Each structure stands twice: as C-alpha cells, then as structure tokens.
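Everything below concerns the one structure shown next.
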Amino acid sequence: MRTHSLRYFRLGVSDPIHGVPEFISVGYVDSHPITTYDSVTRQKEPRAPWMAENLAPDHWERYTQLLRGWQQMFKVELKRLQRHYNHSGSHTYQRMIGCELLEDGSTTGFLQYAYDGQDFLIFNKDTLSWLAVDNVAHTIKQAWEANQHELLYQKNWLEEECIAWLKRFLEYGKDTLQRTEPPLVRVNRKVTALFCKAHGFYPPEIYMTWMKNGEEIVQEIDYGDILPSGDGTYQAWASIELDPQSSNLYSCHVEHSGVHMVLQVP
Amino acid sequence: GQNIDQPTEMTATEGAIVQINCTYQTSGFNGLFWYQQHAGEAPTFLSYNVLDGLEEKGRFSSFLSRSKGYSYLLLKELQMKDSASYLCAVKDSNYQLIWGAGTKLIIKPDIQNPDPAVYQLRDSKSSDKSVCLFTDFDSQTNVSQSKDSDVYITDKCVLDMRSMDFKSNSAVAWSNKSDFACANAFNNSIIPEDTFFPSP
Amino acid sequence: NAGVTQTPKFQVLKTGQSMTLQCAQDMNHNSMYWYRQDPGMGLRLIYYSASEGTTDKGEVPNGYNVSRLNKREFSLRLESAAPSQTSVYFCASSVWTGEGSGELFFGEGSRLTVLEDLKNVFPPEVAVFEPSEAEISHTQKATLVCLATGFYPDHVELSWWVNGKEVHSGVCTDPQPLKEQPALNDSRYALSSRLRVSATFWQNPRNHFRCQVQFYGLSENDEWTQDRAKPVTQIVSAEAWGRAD
Amino acid sequence: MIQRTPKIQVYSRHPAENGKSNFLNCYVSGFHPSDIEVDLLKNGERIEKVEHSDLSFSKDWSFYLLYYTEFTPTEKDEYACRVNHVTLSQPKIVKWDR
Ligand code: NA
C-alpha cells in the first residue's frame, strides 16, 4: 500500500484561561484523528467511526485510566521545566510519538518534545540517546539516559508496538484510509498568472508543479497549500507568472497516487 | 488467549547453574520482568528485558528472544539463599501485566561429610509424643510421608550453623502410639545403608 | 524509609463478615495495585489506581471494592467475605503506570482465611524435645526440636529464643505446614522446627531455650459458642534448659 | 518565546457557482499558542450557525482548525473570515476571493 503513519500528540498548558483544558491528547492515522482525551472530559474517546466500531468499551476504559495518569505526569514535567527556565505566566509542553510504515515495507519511528512550540528533546532510537537543545533539556536528558531500560523500552515501542497498532488501525479503517479519489484539475488565468487548481482528491498527498518549455521552474513557482474541503477530500493549487514579452509552452503537472497528469496550456 | 508458562518446580545442587524458562503468548509486548519471591515474603524485582539478548547482573543473567516468545533467568554458583519462587511477568500491548504461576527453585546442599543417623529425642513431660530425628544424610536422600495415619513425618529441611560453617539435612517423625519406635519411624523411606541407629 | 506498608498480616473471617485491608506507600508513587496470590496460578489483579483520584477494576473485581484515599493510601474492601476469597493479598506500587520499564514494589502481604464457621479454629499445642545423648556423643552437636500441632488456620509464626534473645543461626523451620489428616479439607496443621547448637553450648546448665509460636486467631468481636476456650490470637511457648548431665 | 501568527485561508468546498449550494471554509493553521477565536462573516455580520473541527496538531508543534458553514453564493454577498490571536494586535479579517 501507500505510506501510512500513526502519531500521538500531547499538549500541556501551565496557566490556561478559564475553560481551556490544561491537557489534551489526540492521535492520528495519516491526517485522520482517531482518538482524543482532555482534562475536562477525563475520558478517552474515538474520533473516527471505524475506531468506535472496532475497539470494545474495555479498550476505552483502559486508556481512559492511562491518560488520567499521563495527564498528571505531563503536569509534573511541565512544572519542572517552567521552574528551571525561571519562566512566569502560561507556557506549553508538547509531545509527539509515532511511526511510519513506508510503501516499500521499511519503517521509521520518532519521539520528541517541545517547550513553547520549539524543539526541546528529540529521541534517537539508533544511538539510544536524547538530543537536548539547551541546558534545561540537558538536565532532563541526563535523567532519562541514566535509565537505560527506558531507552530500550521506547525503541521497542517505536519499532514493534507502534507499527503493529498502525497495521491494526489500517485494517479497521481501510475503506477510508486505503481508497483513492483522483483529482479534478483545471487551469485558468488571474500582472498575469496561470493557476493550476486541483480538488476532490484523496489521499491528500499530491504533487503539482509547472514546467516551461519542458524545464522545471522551482524558484519561479508559487505553491498553494493542500487544504481540507470539509467532505473528506482535499484541494490544492500552484500558480506561475506569465512572460508578457515572449510566448512559452507552460504545462501543469500533477502526480497523485501513482498516476501522472499533464495539462498543456494552448 | 494471553498465556505465560514456566515450570512448576526445579531442583539443582549448590554451586551449580540453573536456567529457569518462561514462554509467553501475548497480544503485543512491552517488556518481560523477573521477580524473586522467598517463601512467605513479597516478590522483589530482579530483571527487565525488552530487546533481544542477554543482560547480566551479579550472579543472575536474563535472556530474551522476542521472536521465539521466550526468556530465561540464569542463576550461576547457586547458594542456599537462592531457594525461592521466581515469577516471570509480561507487559502486553495495553501495558497490563500477565503473570506466570512461578517456578519454585529447590537447592540441594553439598554435604561434605554425610553421617546419616536416626536419633530419639528426649520425651517432654508436657507431651505424650515420641519424637525421632533423621539427620545428617546426603542431599540425594528423599523422605517419604508416613503411611500410618497416627504417625507424622515432616519433609527434609536444611539448617545452617553459621559459626561452624556447617549444613545438615534433617526430617522429624513423631507419634503418640505405644508401638512407635525410631528404629521403624522412617521405614517407608529409602534411607542410606549406613544409617546409624543408636541402641534404645 | 518504609516502602509499602500493608495491614493486617493475618486475618480469620466468617462468611459474610466485612474486612478492610490497608496499604500505604511513602515512595511518592502514583500507581497502586491490589493483587491476590493463589496456589497454582499467577498473581491476579483485583483493582488498581493509575494515579491519585482514579481507580478501575482489574481481572477479578467481584466481591471487592477499593478507595484511593490519597496519593499514599489505597485500601481494599471485602464487604461480604466468601470462602473463595481465602487468599494472600498483596498491595504494590509503581512510580507511574504505562511508563514502560518501571517495576512494582510489593507490600508484605495479607493472609486471609474465610470460614463458614469458626468452630474449627484452634491454637497450636507447642512442645520442646531435648537433644539425644546419642547425637551429642556421635556428632558433638545437639538438636532441639519444637512441635506446634493441631492449629488451624495456618496463621503462625515460630521463633527460637536463647537466653532471652531471638536466634536465627542454626534454626530450620518447615517451610510449609503438615496436614495432620491430608484428606480432610479443613484439616488441622502441624509444624516442626529444629535448633542445632554445639554440644558445649547445650551442656552449659545456665543456657535457656524457648520455642514460641504466635497464633493469629479470633478477636474480641468474633462470636464464640463452643464449649472449649475461644481460640483468640495468642502466644504459646515451651522451654528447656541446658543439661550438664 | 516565539509566538507564531495564524495563516488564514478562505475558500469554498467546491468551485463556487452562483445560486448553487456550497460550503464556505476558513482554514486557520500554523499558529501557536492554541487559544484562538474565529468568526465567519456575511456582509460584515457574524454568521450564527458555524461549525468547526477539533483543534489539530502539526508535527512542527503549531495548531490548525477548519471553520465552515453551508451557504449559497450570490453576486451581491461578500464573505469573510475574522480571526483573533495573541499575535494580533487587532482582529485580522480575510475576504473570500473567488
Ligand atoms: Na467490585
């Protein structure tokens, strides 16, 4: 199949405004949220129907208990960081863990943390070590690496457990995750630029580009973002500016899910 | 569904090497623990393995093969104090511990100078029991339970006289029957040929 | 400090009686567990508490309830004791749960026996037997034997005291008690222990030996209706003096 | 502390055609921290029945959201998205341009 990824996020806020949760945890398969938990509901809930239909209530009961424990642990870790940064006010602590099963069968795994939305600690499961960005992170790094068993544990989880969960979730939601809706592609003009617009496609992974007389023009092209249309499909665009003094053969190229497409502007 | 298996009991000799096996079938794997539990006491943590290979820690080493679903706890240079139950436990995909029933490790002491004998202890004025002591035999000797309902025979027990650096096996038999005699108390056991029976 | 502290160490219960097992940990741990250990099977989780302020059922929650009173304490409640709840109960704690490689720290354990009727609870009869003169002359050592017999349930602690101080060197006590009638299901128990000393130590006439058995039985609130004495928690002992003879 | 200002993009679910029912989207992404207020506007007035996705997380630690409402585009009606954030001294309005 195509490349797929599973990743879990945590967010902790030290002094949140009234109502806003102190802790939020969301999991994703590719772009799809699958799980959610926060300090307000204190329940772990599915965020995809195919997760709700395939995981029995004892699963959500168990992970509700785990997330309540991890919520308290995250609060303690954020308290430690902010005191050691000597920081006042509200600050954020984030975590991301997960893995990719690539098309060719190889795998990747990652685990990292952020403070105030910037890299803080990054795990290297091949050297079994943490990369620290400053001296507050360095202190944490020393503590986490003194426990060699915890490093081995995370390496095993990234390389074995994460990949096995992902394969399981891929089967559950295969009607969603493994489908293909090809893009509808058009070109129009909007001093003057050609816009190549695609929409109605899934998966969101798409490559659009312009070529001039057969050569690519990377430095001259404006790339739009891949945006959700709201119905489970996506849209994207790419524009290029027209030479008013000399004609050229411009063509839009779109690659999506193994099919290549060319729109030559006449 | 989820299953862990280890032998019920193992017997080895003092100073030898023993390898305690643990196989597991689980949905997911987040590590394997070994715990030691002395009789009547709490389990205490021994080792943890989550990747493949062999970890050393004093006289104990623990091995793990994730593909075979197999671990062993290796005890070298066995001492009497290693007599305990050894519990293996596996953390599954939801971080829940599945526990083995445990392996009871029995250690036979190395008796330097066997002197097997059956002694009659002195009567107590406060008891109608006659008491016999089978003692100082080599560790290969087994003590059978009594086959007479009014005769009671305990299993063998290893005592250590620390000051004299001396170990000995012993078993006790008693009864209040009139025809009870230490010459015949351990008749249902296979006892050494040279067992000393002092005169009545 | 102390680690994991659970109480009581032993308890006899009548069917239908209530009981609370206490457990405290002073290691600043977040996760606490209640296990039961039964012969021939692995530890089974009853209830657990991943962190302060949350609890959930384990593998065998029926007949039990728990309360995570605070970060330190996690109590186990038997509201209506049943014979199947006769077991050894262990409380444990860990720093976190789901933090991968963290191990469990166990308490000393609580031995529970639930009986339909208390009329088969008996304290031990305890007697000491002095060394054989044949042993002394043949080995230059002297083995005393202590016999605690006829007790039920198996809630006993045996110790030797030489000249007023408890001793451990030269002592072997049966690791498991003997069923006096192995067929009967509620058979009374027997337990033996030896203390071996040098002949010279035994032949000192001012050396005093005592075997003592702490029995955990009934308490003030347990109703007693039998003709014999109420089998309360008590210490039963027997003594012997050295023989210069 | 590096605070990151929202990127705001307003667009229709389908290529818009006057008189044909559609969905107006406001996708707000790349901001940090996570507190944010978003409104859809019709001729300057706030639209009452407006939906939005749950707060979402990007691997560069920023956040994103999709606000949307059903609508029928006409020649006369101008649509906009108005966003406020800690990085914005005053709300930023972005007009729907088709
Ligand atoms: Na219950």
Side-chain angles (χ1 to χ4, degrees), chain A residues 7-28 31 33 35-42 47 67 70-79 81-98 110-122 132-134 136-137 140 225 227-228, chain D residues 1-9 26-36 38-40 50 52-58 60-67 81-94:
Chain A
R7 54 185 84 234
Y8 292 99
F9 289 86
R10 292 181 196 158
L11 169 61
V13 182
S14 74
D15 197 17
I17 263 77
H18 174 54
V20 167
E22 194 178 10
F23 180 77
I24 302 173
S25 174
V26 177
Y28 300 86
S31 57
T35 62
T36 187
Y37 170 96
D38 58 65
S39 50
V40 163
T41 75
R42 291 179 58 80
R47 273 305 180 250
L67 263 298
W70 297 343
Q71 174 190 329
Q72 170 65 20
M73 184 198 311
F74 221 61
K75 179 189 181 79
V76 175
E77 288 173 4
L78 176 52
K79 184 191 286 189
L81 293 201
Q82 185 167 345
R83 167 258 179 277
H84 281 87
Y85 279 118
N86 198 33
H87 279 173
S88 53
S90 185
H91 295 263
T92 73
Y93 183 47
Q94 284 165 277
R95 174 183 195 259
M96 194 270 285
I97 195 171
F110 35 87
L111 168 58
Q112 44 182 38
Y113 290 81
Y115 181 86
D116 280 338
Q118 303 291 129
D119 284 357
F120 180 73
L121 283 162
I122 300 175
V133 310
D134 58 32
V136 176
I140 310 299
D225 286 335
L227 300 183
Chain D
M1 180 196 302
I2 294 187
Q3 295 180 328
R4 283 173 269 161
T5 204
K7 188 185 186 180
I8 307 163
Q9 292 172 91
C26 182
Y27 183 79
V28 186
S29 58
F31 56 93
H32 198 290
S34 63
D35 285 6
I36 197 162
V38 180
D39 288 315
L40 296 190
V50 175
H52 67 107
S53 66
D54 281 9
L55 179 73
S56 301
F57 304 84
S58 300
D60 72 345
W61 310 111
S62 68
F63 312 102
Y64 63 96
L65 288 157
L66 176 70
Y67 279 72
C81 186
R82 184 183 61 209
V83 175
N84 197 18
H85 189 250
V86 67
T87 59
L88 295 170
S89 330
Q90 79 299 130
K92 178 171 188 180
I93 294 177
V94 179

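Note on naming: letters A, B, ... go to the chains in the order of the sequence lines (proteins, then strands), and numbering restarts at 1 for each one.
- Residues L81(A) and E77(A) have side chains not in contact (no heavy-atom distance under 4.5 Å, counting atoms from C-beta outward).
- Note that CZ of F120(A) and CD of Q94(A) are 12.5 Å apart. Values are rounded to the nearest 0.5 Å.
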Would you list the atom pairs, donor with acceptor, under 3.5 Å between side chains in residues 14-27 of chain A and any protein atom, with sequence neighbours excluded?
unit_1: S14(A); atom_1: OG; unit_2: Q82(A); atom_2: OE1; d: 3.0
unit_1: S14(A); atom_1: OG; unit_2: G89(A); atom_2: O; d: 3.2
unit_1: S14(A); atom_1: OG; unit_2: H91(A); atom_2: N; d: 2.9
unit_1: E22(A); atom_1: OE1; unit_2: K75(A); atom_2: NZ; d: 3.4
unit_1: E22(A); atom_1: OE2; unit_2: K75(A); atom_2: NZ; d: 2.4
unit_1: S25(A); atom_1: OG; unit_2: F9(A); atom_2: O; d: 3.2

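- Under the 4.5 Å side-chain criterion, counting only non-hydrogen atoms from C-beta, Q118(A) is not in contact with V133(A).
- Listed here is the closest heavy atom pair of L88(D) and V83(D): CD1-O, 3.7 Å.
- Taking the six-membered ring for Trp, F63(D) and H85(D) have ring centres at least 6.0 Å apart.
- Across all their heavy atoms, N84(D) and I36(D) have their closest contact at O-CG1, 3.2 Å.
- Checked by atom type and distance alone, the side chain of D38(A) pairs as donor or acceptor with a backbone atom of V40(A) at under 3.5 Å.
- Rounded to the nearest 0.5 angstrom, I122(A) CD1 and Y113(A) OH are separated by 12.5 Å.
- Checking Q71(A) against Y37(A) by side-chain atom types alone, a donor-acceptor pair falls below 3.5 Å.
- No side-chain donor-acceptor contact under 3.5 Å links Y8(A) to the backbone of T35(A).
- Scanning both residues, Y28(A) and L55(D), for their nearest heavy atoms gives OH-O, 4.1 Å.
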query = Checking side chain to side chain contact (heavy atoms under 4.5 Å, CB included) for the pair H52(D)/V38(D): CA distance, chi angles, key distance, verdict?
reply = CA-CA 9 Å; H52(D) 67 107; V38(D) 180; over 6 Å; no

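- With rounding to the nearest 0.5 angstrom, the CE atom of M73(A) is 10.5 Å from the CG atom of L67(A).
- Side-chain contact between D39(D) and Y67(D) is absent, with no heavy-atom pair separated by less than 4.5 Å.
- One distance of note links CD1 of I97(A) with CZ of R7(A); it measures 11.5 Å at 0.5 Å rounding.
- Looking at every heavy atom in both residues, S58(D) comes nearest to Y64(D) through OG-CD2, 3.2 Å.
- Smallest separation of non-hydrogen atoms from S34(D) and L11(A): OG-CD2, 4.0 Å.
- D119(A) and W61(D) form a side-chain donor-acceptor contact under 3.5 Å, judged by distance and modelled atom types alone.
- Across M1(D) and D116(A), no two heavy atoms sit closer than the pair CE-OD2, 3.7 Å.
- Rounding to the nearest 0.5 Å places CD of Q9(D) at 4.5 Å from CG of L227(A).
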key: Working for ring pair (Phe, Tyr, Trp, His ring centres under 6.0 Å), residues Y115(A) and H84(A)   = CA-CA 12 Å; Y115(A) 181 86; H84(A) 281 87; over 10 Å; no

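- The NE2 atom of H32(D) lies 12.0 Å from the OG1 atom of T87(D); values are rounded to the nearest 0.5 Å.
- When the side-chain hydrogen bond (donor to acceptor under 3.5 Å, both in side chains) test is applied to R47(A), the partners found at least two apart in sequence or on another chain are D54(D).
- Judged by distance alone, the side chain of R95(A) and the main-chain N or O of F74(A) form no donor-acceptor pair under 3.5 Å.
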